[PDB]
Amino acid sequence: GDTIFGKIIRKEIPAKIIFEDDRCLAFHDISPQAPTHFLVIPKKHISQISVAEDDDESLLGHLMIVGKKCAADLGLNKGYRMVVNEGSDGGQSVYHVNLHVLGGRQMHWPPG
């Protein structure tokens, strides 16, 4: 079913958009866990990484390339952490695939 991230893609509710193309959208997370914390999501509604199809491989990599380019544009020259959550144990909060990018502070270990 639809999620709040679908509404964001459709521009029905506001978000602070960082980057957009024909197949993905990057925007700041509304509940930031670091001084910079944004999401990169595909426009295709893949609900979770566990159901991603083989044909989605380059799209998923595109999310990471967009994410790293956005991180550089946002000044994260000391580094950052990328996260994808799956399911209950993964703490996934929205059932639309989303790549978190967090930086601007030391990220710790374990990663949750």
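We number the residues from 1 along the sequence you see.
Out of 47-55 and 28-36, which stretch has the higher average CA B-factor listed in the record?
Comparing 47-55 with 28-36, the higher mean C-alpha B-factor belongs to 47-55.
By the CA temperature factor listed in this entry, which of these ranks top: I9, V97, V101, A15?
By C-alpha B-factor in the record, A15 ranks first.
Out of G61, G67, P42, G79, which shows the largest CA B-factor listed in the entry?
In this record, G79 carries the highest C-alpha B-factor of the candidates.
Is the Cα B-factor recorded for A71 in the lowest, middle or highest third of its chain?
Middle third - that is where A71 ends up once the chain's C-alpha B-factors are sorted.
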